[PDB]
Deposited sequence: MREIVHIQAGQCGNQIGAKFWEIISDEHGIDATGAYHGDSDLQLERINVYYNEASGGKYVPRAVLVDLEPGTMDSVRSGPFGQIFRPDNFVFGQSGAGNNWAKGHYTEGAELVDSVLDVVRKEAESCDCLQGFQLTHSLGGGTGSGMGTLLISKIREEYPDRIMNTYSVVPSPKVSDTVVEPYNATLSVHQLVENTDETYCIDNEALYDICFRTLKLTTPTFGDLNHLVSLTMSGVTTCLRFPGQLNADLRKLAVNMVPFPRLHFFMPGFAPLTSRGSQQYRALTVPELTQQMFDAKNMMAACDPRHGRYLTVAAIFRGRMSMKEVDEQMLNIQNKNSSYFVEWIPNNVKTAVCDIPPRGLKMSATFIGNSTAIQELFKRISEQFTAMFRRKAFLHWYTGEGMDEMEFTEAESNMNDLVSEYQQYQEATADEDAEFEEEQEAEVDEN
């Protein structure tokens, strides 16, 4: 369990993926040319989880950059850390997915999918001990959602024993590109329920609300939203890339987080909440675990119960104080944890804080309140599906209406399964 292969697909997938590589490169002391110029041994200890060592001291991200359109590839190449990526790892088509899940999953995506698998296969065969794959993508568009889910099932077929992990951006009318976002998102959730081991739900509804309500940004942009995503992704991957005891690899994390196979959708939490254009004690950080304002998925943790939680504290702080505050937070909020999974909160402390901060807290929650996110997508989906609006763009790609009804049923079953465990008592 050493190497992770990262894949980013479509516009959103490539924007949040480029930002992930730039934050973790800064934390690991790696400059835009792949050269290490840091001053801590902890920075290089597990550098090989995300980076390959190329000719003469340079480190190159084990990342494959995918799109059905070239513009996104060009903008990443032109971006701050664009030159760090392996040039032959950029795989792109010319046609685009036309914001259509069916085109990404069955038509244009199927024509480009073997070129992508040849590049991820080269990265995988080069691994001494491949852990699995991490995919960044949106669910509301065509390439990230349709082609990203096609890639997941193809990768599941060729690497059935590896962990499949996603950072999935959920659409919101508050930051919307296309009218068919609820269809593309429902068709992707159906794929994620069946084929991923861990999915981080990155909700644009929540990111917009943090920027507007807490950061007081009257008009948030994707840059403001992606600054919260990059801090969150740095926080959730902390135990994979620095020395530590807990959840040090994708499978140990899944075993600690996933009590039921379908219940693998995580609600990430982060404190402090910051803007790009610029405090915090241990008790203050631990409190944010139940604060809806600190969640990256638009769900209130107090509306459900945590099945499991991974709490990651970063910076120079007392491990003793963190241990005392984490016990107090659980004991004082016992009604928000299922009593039938004892010791379901695991804590880790890392000396290296995320880029731009001195102290932080990141919560990976498996909460039954995530059903609110799925219900919101489902109500938007049925409002369109009831009138069969825009259906001809999917049936014109060869799809049957039965796929829609099946994806909708699977997603409503997922909601109903979270509700079942939310109401379950220890005394059956």
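- Query: What are the unmodelled segments when the structure is compared with the full deposited sequence, in sequence order?
  - Reply: The deposited sequence has unmodelled segments at 279 to 282, 433 to 447.
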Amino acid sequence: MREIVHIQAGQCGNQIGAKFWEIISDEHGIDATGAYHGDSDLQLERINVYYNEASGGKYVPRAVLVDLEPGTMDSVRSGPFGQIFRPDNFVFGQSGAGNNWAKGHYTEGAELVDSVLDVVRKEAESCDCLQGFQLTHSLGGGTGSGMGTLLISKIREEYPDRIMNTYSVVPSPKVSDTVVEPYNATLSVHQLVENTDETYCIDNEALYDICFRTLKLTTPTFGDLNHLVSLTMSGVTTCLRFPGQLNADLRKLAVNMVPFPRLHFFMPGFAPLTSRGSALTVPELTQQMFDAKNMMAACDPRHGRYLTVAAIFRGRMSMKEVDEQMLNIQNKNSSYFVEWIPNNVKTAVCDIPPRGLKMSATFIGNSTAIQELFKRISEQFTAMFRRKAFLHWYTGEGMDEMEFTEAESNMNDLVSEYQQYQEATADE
From here on, numbers count along this sequence of modelled residues.
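- Task: Determine, for stretches 152 to 160 and 69 to 77, which one has the higher mean CA B-factor as deposited.
- Result: The deposited B-factors put 69 to 77 ahead on the C-alpha mean.
- Averaging C-alpha B-factors over each stretch, which comes out higher, 180 to 188 or 82 to 90? Taking the mean C-alpha B-factor of 180 to 188 and of 82 to 90, the larger value falls to 82 to 90.
- From 238, 199, 287, 145, can you pick the one with the highest C-alpha B factor in the entry? The record points to 287.
- Most elevated Cα B-factor in the entry, residues 134, 274, 99, 195: That would be 274, according to the entry.
- residue 216's Cα B-factor: lowest, middle or highest third of the chain? For residue 216, the deposited C-alpha B-factor lands in the highest third.
- Split the chain's modelled residues into thirds by Cα B-factor; is residue 59 in the lowest, middle or highest one? Answer is highest: the recorded C-alpha B-factor places it there.
- Query: Sorting the chain's CA B-factors, does residue 263 end up in the lowest, middle or highest third?
  - Reply: As the PDB entry reports it, the C-alpha B-factor of residue 263 lands in the lowest third of its chain.
- Item | Chain third (lowest, middle, highest) by recorded CA B-factor, residue given as residue 374 | Lowest third of the chain for residue 374's C-alpha B-factor.
- Message: Using the temperature factors of the C-alpha atoms in this entry, rank residue 29 within its chain: lowest, middle or highest third.
- Response: It belongs to the highest third of the chain when residues are ordered by C-alpha B-factor.
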